[PDB]
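Each remark here refers to the structure printed beneath this line.
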Amino acid sequence: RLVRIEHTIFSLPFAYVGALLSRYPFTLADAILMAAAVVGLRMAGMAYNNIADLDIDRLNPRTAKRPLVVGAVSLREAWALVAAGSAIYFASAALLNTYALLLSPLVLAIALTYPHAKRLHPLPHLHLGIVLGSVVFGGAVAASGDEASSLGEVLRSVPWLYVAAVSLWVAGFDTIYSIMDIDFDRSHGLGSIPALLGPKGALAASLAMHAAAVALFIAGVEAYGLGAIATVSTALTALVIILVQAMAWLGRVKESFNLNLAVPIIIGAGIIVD
Ligand SMILES: CC(C)=CCC/C(C)=C/CSP(=O)(O)OP(=O)(O)O
Ligand SMILES: [Mg+2]
Ligand SMILES: [Mg+2]
């Protein structure tokens, strides 16, 4: 109704890719706990999304059919989903390691601060980038099995290239997605990149993002061993990132969005067949 937990299947492989590239061993239990942490964080984030930007999502033509606006769900059920998400996440983090639990409020803070980034500065896309960066970071810090000796080790355990890359990718295709909202997001005090500079300039900034995104995905191939079955995943990904940029400049922006759904499936099946 308000939060479809099925969608989380697309956000999972970014956690596992952060866990594997840390090169620390983890158990099946650890993996299940990772998944749980992810569905919790998704639940909290998605619920509090509809909560925070509600007053300005009722005014929007585009989102007048959203739940919590029409009705369907109450504010109570939504807040309940927030508390439940935070709770599941905290539970997973605690069940995992001491460092995972230690960093869990910070990670949750990031995911819950994003919907307020609009009213502050015209870079919410970067914030989403940090958000889907925190699931990679979380996977890494949870990969250890607390095999780590100190916090100075878990922060060195994180595949920083890939989090800083998936971040820029997300920021990119969100910067693209926010073009249809250029009009609405400037009528009100809302902020975004395609509102600051025109839709053309937005695509330009989007180009700069996805460029640096592909740049890092490639740099990781050398920085790590990454075998030869993940180097086709890097290629297939970098390829897809191009089409979503291609379809964008061609005006067909709606198709430029759904193509971003491929790369999780790409690297997801890439994590499978080890
Ligand atoms: C962060 C992850 C799980 C991937 C992004 C998934 C996705 C469809 C996000 C776009 S929703 P968002 O643009 O933040 O919110 P609205 O503008 O639609 O109100
Ligand atoms: Mg909105
Ligand atoms: Mg938006």
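Per the deposited numbering, the sequence shown starts with residue 2, numbered consecutively. All C-beta atoms, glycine included, are put in the ideal place defined by N, C-alpha and C.
Cβ pair residue i, residue j closer than 9 Å
{"i": "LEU3", "j": "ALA53", "result": "no"}
{"i": "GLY140", "j": "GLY19", "result": "yes"}
{"i": "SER135", "j": "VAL108", "result": "yes"}
{"i": "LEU133", "j": "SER12", "result": "yes"}
{"i": "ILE242", "j": "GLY173", "result": "yes"}
{"i": "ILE57", "j": "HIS189", "result": "yes"}
{"i": "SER193", "j": "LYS255", "result": "no"}
{"i": "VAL137", "j": "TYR100", "result": "no"}
{"i": "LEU127", "j": "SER168", "result": "yes"}
{"i": "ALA216", "j": "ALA249", "result": "no"}
Residue i Cβ short of 8 Å to ligand 1 heavy atom set
{"i": "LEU133", "result": "yes"}
{"i": "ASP175", "result": "yes"}
{"i": "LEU69", "result": "no"}
{"i": "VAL137", "result": "no"}
{"i": "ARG43", "result": "yes"}
{"i": "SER105", "result": "no"}
{"i": "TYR90", "result": "no"}
beta-carbon residue i near ligand 2 non-hydrogen atom, thresh 8 Å
{"i": "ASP182", "result": "yes"}
{"i": "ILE52", "result": "no"}
{"i": "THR238", "result": "no"}
{"i": "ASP56", "result": "no"}
{"i": "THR9", "result": "no"}
{"i": "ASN98", "result": "no"}
Alpha helix (DSSP H) segment containing residue i, residue limits
{"i": "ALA79", "result": "76–97"}
{"i": "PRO265", "result": "263–272"}
{"i": "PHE258", "result": "256–259"}
{"i": "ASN50", "result": "29–53"}
{"i": "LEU60", "result": "Counting along the chain, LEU60 falls outside any alpha helix (DSSP H), and DSSP gives it neither H nor E."}
{"i": "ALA143", "result": "125–144"}
Near ligand 3: residue i beta-carbon under 8 Å from a heavy atom
{"i": "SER75", "result": "no"}
{"i": "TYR178", "result": "yes"}
{"i": "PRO125", "result": "yes"}
Completely contained beta strand (DSSP E) runs for the segment 169–248, where each covers 3 or more residues = If only complete runs of 3 or more residues are kept, the segment 169–248 shows no beta strand (DSSP E) anywhere.
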